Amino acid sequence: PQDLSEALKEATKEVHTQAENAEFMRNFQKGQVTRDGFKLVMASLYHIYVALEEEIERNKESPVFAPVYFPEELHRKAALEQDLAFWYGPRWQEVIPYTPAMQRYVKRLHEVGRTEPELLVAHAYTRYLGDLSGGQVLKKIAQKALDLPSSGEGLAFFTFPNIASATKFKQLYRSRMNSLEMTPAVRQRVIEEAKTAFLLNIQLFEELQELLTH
């Protein structure tokens, strides 16, 4: 496919199905989630977005990422910090878990950030465009299963307040990915790193399930 947006969607089909048939998400679809499990997800998303956004800020000026840079529209660190404060208490930053599977993901983002930033779009595509697609339904499932209090906190991550229409922004975000100047050789590594990105996610759900069910 000529468009990067199409080429990434085409390449990741087998790895996305592999991620749908992850043991954790197999249960999540049927609404078989616990508070413990959700907390782990929420903590995972924190460590990943902290690293992703840290590396994005390093490379916002660079032509390899500048077009897809949407700080205000997409930033998730603060939303997640608000949630972890509710899930783990005001001393969340001292008590939240940092598992090896999380560490691998975080290590990759920091390596891609410093040594090959032209691939950072692959992770940005995976994380943002991924979490922008599923959030609405995944919240509806979580909300039903967890039966949390009327405290008005803890699910802030699932709302992108500076994005009016998710569908229109995804359109826009795809256009900006299509406008990225890159040799058909880097084009290869972006697709390969996107595959790597999915692998790290599935690998995470596997370590999470090994922890939750003893």
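C-alpha atoms forming the largest set that superposes within 1.5 Å between two forms make up the rigid core. Residue numbers here begin at 1 and follow the sequence given.
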query: Is the larger C-alpha RMS shift in 5 other deposited structures of this protein, relative to this form with the rigid core superposed, found in 78-86 or in 132-140?
result: 132-140
field: Greater Cα displacement in 5 other deposited structures of this protein once the core is superposed, comparing 62-70 with 142-150
entry: 142-150
- prompt: Looking only at CA atoms, which has the higher mean B factor in the entry: 27-35 or 62-70?
  reply: 27-35
query: Which has higher Cα B-factors on average according to the PDB entry: 161-169 or 145-153?
result: 145-153
- line: Listed options 103, 126, 136, 93: highest C-alpha B factor recorded at 136
statement: Highest CA B factor of 56, 42, 185, 50, as deposited, is found at 185
- prompt: Lowest, middle or highest third of the chain for the C-alpha temperature factor of residue 140?
  reply: highest
